[PDB]
Structure formats: structure tokens, C-alpha cells
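> let me give you the complex in parts, starting here:
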Amino acid sequence: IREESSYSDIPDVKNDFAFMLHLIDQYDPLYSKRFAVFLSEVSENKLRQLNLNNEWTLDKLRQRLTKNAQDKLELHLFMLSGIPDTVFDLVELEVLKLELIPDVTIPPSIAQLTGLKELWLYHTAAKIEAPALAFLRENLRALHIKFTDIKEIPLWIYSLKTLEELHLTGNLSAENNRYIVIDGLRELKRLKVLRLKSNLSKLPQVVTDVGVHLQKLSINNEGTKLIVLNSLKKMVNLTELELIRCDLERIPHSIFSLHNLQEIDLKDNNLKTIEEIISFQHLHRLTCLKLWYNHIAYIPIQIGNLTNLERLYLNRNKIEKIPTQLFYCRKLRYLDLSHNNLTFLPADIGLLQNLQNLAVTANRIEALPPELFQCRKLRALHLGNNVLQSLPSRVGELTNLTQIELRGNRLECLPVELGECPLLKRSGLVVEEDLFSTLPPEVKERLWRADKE
Amino acid sequence: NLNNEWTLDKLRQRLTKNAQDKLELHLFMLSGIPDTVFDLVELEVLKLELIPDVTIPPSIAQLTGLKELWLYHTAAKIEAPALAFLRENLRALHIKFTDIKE
């Protein structure tokens, strides 16, 4: 029966159950075949699929639909025996997240997902059919592949010629055959965002080849040392370069040749001296520059030459002092210096008229300069975990202040001038209740009413 | 069974308009072409996507106003009357195929 009809998931029968089956076979093999299906495993899994389809009705899936951070409708499937056939009846679905779903075939019914843009294959090797493959080739924009094994990467993903954003999660390098599964990335002619979290010990050649049109390269070696070794100065169309946990311990000189770069992230690179930023004057559009989570001991005065900076991140470092040249960047809008050994703020901090977020959390700031309150559009502040002795009375000058963090300081009384901020609400006043009790009752009532409205 | 599944009322309620101000009906993953789709003479565009072994019925002469026919992954075997009607009443044909034989 199973050699003809191809149902190999029927194990041989042991004692006292093969005897009765032999008797039945002598009477009529029809009963043998009517029993074999019910004893098979393929049939049980298919019946499980049908029960899944019946259980996850369209209303159930719609109630299960959520919206991710990007305000997109999301369906995250976890530990299901397969893709329910009714997940393709929701035309409003935008992102399909599949995690730990085995023996999964993408049906042609996925073509009904006109609004589908992102497909997350979490530890899921899925086969696809020609209609569904063509639909995804014409429609799918983003693909998230997380794999503990090379073979778990579907091999049809290189035929998606409208893909723009590919996220590779999982170790891919191997001995004597490295960077060959991703030889098909050249065929992704419309790829723009390439995220590589694979413990690369050297940037694969195909990445450099496909980077001529890449606009954002993101690498997360999770501790592995990454050697660029002159493989990065060809992606002149790049505008965002993220090197997270690459263990660089040094800024490579290949970055400064990317004349179109705007956002450079160097998180967890164990940076010590960042005096390489003198070469960043070549990048004539460098707006955001994240250097957080490093061992940076000092901010070089050459950071003043980067007059086009708007966002500067230097938190989680070993910075002890702030140079006065840092305040030559009058375009600066974010200056996050949280978790540092800073003890005071230079008076030039008020020169940055466009500063809007200033976090100095977890420092040794015992007092704030009065010049700090010249930044009238300072929407948010974070002065928590400091050693602030007293809050200056000029806090009310910042009319646009909305969210100010104050828990963890050595404060005794909150200023009455703190309540004159037109937009500050109890939600935006993060402070201990003992300190909050010091406000005048009019201020308390106004804050509570604002929080209500 | 198909006519029981897709009645004229359900089809007409399922009728939608594309961006071209054209009345069109989308048939996706059906066993065949329901015989009751041809009683709507208001149609102008017909979309046959993923319908196996379709034969273009002679009833397409009822669709006087049909101008566009979409055959997405749906190879159509035709008869002499239907072919003669299409030779004088079809202006736009959209063919999407996964293979040459389709």
C-alpha cells in the first residue's frame, strides 16, 4: 500500500496486532487500507492541519493581529505545526512572522496577501510553489532569515527580484566553502538594506559586489572581530553604516571614503581613542554619529570640525570631561552623554540653540550651569542618577520642556519655577514621590489636570 | 456545486472597481468558471487567476461588454465560437505564466 500510494509513515506492526490484521487481510484487504490511513502519521499531520484551519478562524486571527513599532499590521506565528490556510484570507496583513514552524510549504493562496511586504522566517525552512514564488518575487519587500543551519535558508530567496531589505541572522561562514550560499545575493538587483549578524571574520566578497547600490549596511558580529581589509570603499551609494559588536577597537579608514554616508554607528566596538573623527570632515552630510557603548576616554577637540552634525551619541563610555570645542557644532540637536564620569557642564552648552534632547544620566553633575537654560527649545532632559544638589530656578525658562527625569539625585526640594513650564505634565516629570511632594498644591493640581488631558 | 458556492448575488456583491473606472470580477483559486458569472453583462474585465484546466465556454458571447481578460497562471483551452467572439470583442489581454506551455 505504501510502496504504491507513497505513505511511508506507517511503521511495521508488532505482536497481537499484526495477527488480527492478517485475518482481516484474508477476509478483505479493504479494511487493511481503511485502517492503515488511520494508523499513519502523514494522515495525522494533515488532519492536524485541517483542525488548525478550523480553529484559527478569520476572527481569531484578526483578534490576534497586532501592530509592530513601524505601525504595520503584524501576525507572529509561534510553534504551530504549519501555516494555517486562513492566514491568507486577511488582505490587511502587512508583516508575516513565522517562528519554529516545521515542514512548511508556502501555498499559492499567499497571492491574496496584496498588502504583504515583510516575511520573517525564524528557524523555518519553507518550500514555495511557482505561483506563490512569482507573487513574492513581484511583491515582497523585506525578508528576515534567522537560521541555525545553512540549509535552513530557503534557496528561492535569491529569486526575489523586488526585495529591498534582507536581514541575515545566524552564523554563515564555514571552512573551505565560506561565502558561497550568499553567492546568489548578486541576483537581488534591488537590494538596499543588508543586515549581517553572522560572526563574520572578514566581509564576504559578494557583499562588496552588491553594495554598489546598497544604502544601509548593518553588521552585528556579537563579539567576533571584523576585518574590513580594504573591502568597503566601493559602496559609494551607502548612507547608513552600522558596525555593532564588531570588536574593532579602532575606526577603520575605509569609512571616510563613503562620501554619501549620513548615519554611522560604531556601538560595542571597544573604541579607546576616537581621534580618527578628524577624517569625518570628508563626509559632507554626516548628521548622526553614534559612538555609544565603548571605552572612549575623551572627546577629541577635533569633533568641532564636524559642523554638520545634528545627533551625537557618546553614552556608556569612560568620558570624564566635555571639551569646549564640542559646542562649536551649532546644528547639534541630540547630545546623549548618559553613564559617564562627567562632573560638570561647560558654559558653552547654551550656545547650541537647537539642542532638544540632553541626557546626562548616571554622572557626577552636582549642579547645572545657568547658561544651560539658554537652550529654549530643549524639549526633554534626563538628569537622573546624578548628584545634583539643587535644581536651578531657571528651569522654567525652557518653555518647550516636556519630559524631565530627576529620580536618583540628591535633591531636597523641587523649585516652584518647575511648574511654570507650559507643556510639562506629571507624565513628563519623572521624579521620586518624596521630592514631588514638595511642589505647591497649585502646581500639583495643574500637573494632574494636564496629565488627565 | 460551484454555482451553489458562487451564486449570482454573491458574485455581484463581490464585483469591484479597479483604478481604471472599469467593472471587473476577480476569480482566484476556483475549481472552474462558475456558469453564473456570464449573467452579469455589466462586466468589462475578467480576471482568471489559478483556475485549473479551464475551457472558455461558448457562453462568453453573453459578455457583450467584455474588453479585457486576465489569465494569471490559468491556461485556457478555447472553442471555435469563443475564439471567433474574442477575435472581434477582445481589446486587452493580460497573460502571466510560470512556464512557456502555460
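Structure's in. What do you need? Residues are numbered from 1 along each chain as shown, chains lettered A, B, ... in the order given.
> just to be sure, residue A:11 is in a helix?
No. Secondary structure assignment (DSSP: H, G, I helix; E, B strand; the rest coil) places residue A:11 in coil, not in a helix.
> neighbours of it, how many?
Using other CB atoms under 10 Å in any protein chain shown, residue A:11 has 9 other residues around it. The way it works is simple: take the backbone N, C-alpha and C, and place the C-beta from them, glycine included.
> give the contact list for it.
By CB atoms under 8 Å, 6 or more residues apart in numbering or on different chains, residue A:11 lies in contact with nothing.
> now it: how far from residue A:41?
Noted for residue A:11: a distance of 9 Å to residue A:41, by CB to CB, to the nearest Å.
> do the same with residue A:432
Using CB to CB, we find residue A:432 at a distance of 61 Å from residue A:41.
> could you give the number of residues near the closest residue to residue A:137 other than its chain neighbours?
Distance criterion CB to CB, 6 or more residues apart in numbering or on different chains; nearest residue to residue A:137, sequence neighbours excluded, is residue A:160 at 5.2 Å. Residues contacting residue A:160 under the criterion other CB under 10 Å number 23.
> does residue A:160 touch residue A:185 like I think?
No. Applying CB atoms under 8 Å as the test, residue A:160 and residue A:185 come out as separate, 11.0 Å apart.
> find the closest residue to chain B in chain A.
Nearest residue of chain A to chain B (CB to the nearest CB) works out as residue A:130 at 4.2 Å.
> quick check: closest non-adjacent residue to that residue.
Leaving aside its chain neighbours, residue A:130 sits nearest to residue B:98 (4.2 Å; criterion: CB to CB, 6+ apart).
> quick check on residue A:137: phi, psi?
Main-chain dihedrals, residue A:137, degrees, to the nearest 10: phi -60, psi -30.
> throw chain C onto that model:
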Amino acid sequence: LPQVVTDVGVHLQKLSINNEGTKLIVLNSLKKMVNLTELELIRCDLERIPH
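Chain C added:
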């Protein structure tokens, strides 16, 4: 661009070629469609405007 298309283009008005990033070679196979009024070469990987 196939020769059959070049032949049939003697009566065409609008041509649209969408190769999805794959390069397309014209090579003097396009000037016969002198009636063409709307020519689209989308994702043809020309890398340079053909003459």
C-alpha cells in the same frame, strides 16, 4: 529585444519592457518603431541611455 518584437513594432504606439534588473541589449533593434509614442524601459539595467 527579439526580432519578432522589432517586426511587430511597425504598428505599435506604446512599448514597456520590465526586465527586473536583468540587462537588456537594444543594438539597433529599436529604430523601426517610428510610430512609438510612449517607450518605457523599466529595470532594464541600461547603465547608459542607448542611441
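> quick recheck of the neighbour count of residue A:160 now chain C is there?
By other CB under 10 Å, 24 other residues sit near residue A:160.
> can you pull the contacts of it?
A:136, A:137, A:140, A:143, A:188.
> touching, the second one and residue A:158? I think so.
Going back to what we said before, that points to residue A:137. No. With contact defined as CB under 8 Å, residue A:137 does not reach residue A:158; the gap is 10.4 Å.
> these two touch, right, residue A:41 and residue A:2?
No. Residue A:41 is beyond contact range of residue A:2, at 11.4 Å (criterion: CB under 8 Å).
> who touches both of the two?
The contact sets of residue A:41 and residue A:2 overlap at residue A:10 (CB under 8 Å, 6+ apart).
> for stretch A:128-145, C-alpha coordinates in PDB please.
Only the C-alpha atoms of stretch A:128-145 are listed here, as PDB (Å, rounded to 0.1, in the frame of the first residue of the first chain):
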ATOM      1  CA  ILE A 128       7.400  27.600  -2.100                       C
ATOM      2  CA  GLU A 129       5.400  26.800  -5.200                       C
ATOM      3  CA  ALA A 130       5.800  28.600  -8.600                       C
ATOM      4  CA  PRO A 131       2.600  30.800  -8.300                       C
ATOM      5  CA  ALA A 132       3.500  31.900  -4.700                       C
ATOM      6  CA  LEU A 133       7.200  32.300  -5.700                       C
ATOM      7  CA  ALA A 134       6.200  34.600  -8.600                       C
ATOM      8  CA  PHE A 135       3.900  36.600  -6.300                       C
ATOM      9  CA  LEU A 136       6.600  37.100  -3.700                       C
ATOM     10  CA  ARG A 137       9.100  37.900  -6.500                       C
ATOM     11  CA  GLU A 138       6.800  40.700  -7.600                       C
ATOM     12  CA  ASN A 139       5.600  41.900  -4.200                       C
ATOM     13  CA  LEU A 140       7.800  41.000  -1.200                       C
ATOM     14  CA  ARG A 141       9.900  44.000   0.000                       C
ATOM     15  CA  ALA A 142      11.700  42.700   3.200                       C
ATOM     16  CA  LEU A 143      12.800  39.200   4.300                       C
ATOM     17  CA  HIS A 144      14.000  38.200   7.700                       C
ATOM     18  CA  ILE A 145      16.000  35.000   7.800                       C
END
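> and chain D, same structure:
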Amino acid sequence: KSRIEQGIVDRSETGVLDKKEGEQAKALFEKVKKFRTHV
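One more piece, chain D, placed on the ones above:
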């Protein structure tokens, strides 16, 4: 062949079955498992 090694699989048909009969079939699968184990 190109189609076989590129994750492209052939079409498979599907249907719709009653929920009650599906539960009956599930319970029957469970009972057959128990009985085969017993025997």
C-alpha cells in the same frame, strides 16, 4: 534541474472539512494510538 534545487515544489490540492468530523477524526486517531499501544 533548476526547479528542484531552488525550493520550488509542485502544486498540492486542498479542501474544507467539517469541524465536528475533524474532532471525531482527532479523537479516533488518539483512540487508535491507545489501542495499538495496548495491543
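> revisit the neighbour count of residue A:11 given that chain D is now included?
Applying the criterion other CB under 10 Å, we find 10 residues in the vicinity of residue A:11.
> again with residue A:106
The number of residues packed near residue A:106 is 25, by other CB under 10 Å.
> go on, residue A:148?
When neighbours are counted by other CB under 10 Å, residue A:148 comes out with 9.
> got it, and residue A:347?
Quick note: residue A:347 (other CB under 10 Å) scores 14 neighbours.
> same deal with the one 4 residues further on?
Number of residues near residue A:351 (other CB under 10 Å) recorded here: 17.
> distance check, it against residue A:326.
10 Å.
> residue A:53 too?
Per CB to CB, residue A:53 is found 61 Å from residue A:326.
> do residue A:385 as well
On the measure of CB to CB, residue A:385 and residue A:326 end up 22 Å apart.
> who's more crowded, the two?
Neighbours were counted for residue A:385 and for residue A:326 using other CB under 10 Å; residue A:326 has more, 23 against 18.
> I'd say that one and residue A:300 touch.
No. Using CB under 8 Å, residue A:326 is not in contact with residue A:300, being 9.3 Å away.
> and residue 36, what does it touch?
Reading this off chain A. Residues A:1, A:2, A:7, A:10 are the ones in contact with residue A:36 under the rule CB under 8 Å, 6+ apart.
> sorry, should have said chain D
Contact analysis of residue D:36 by CB under 8 Å, 6+ apart lists A:13, A:17, A:39.
> quick one on the thing from earlier: which of the contacts of residue A:36 count as buried?
Buried subset of these (neighbour count, 16 or more other CB atoms under 10 Å in any protein chain shown): residue A:10.
> what comes into contact with stretch A:64-82?
Against stretch A:64-82 from outside (CB under 8 Å, 6+ apart): A:45, A:48-49, A:52, A:61, A:83, A:87, A:90, A:92-104, A:115, A:117-118, A:120.
> right, I'll leave it there.
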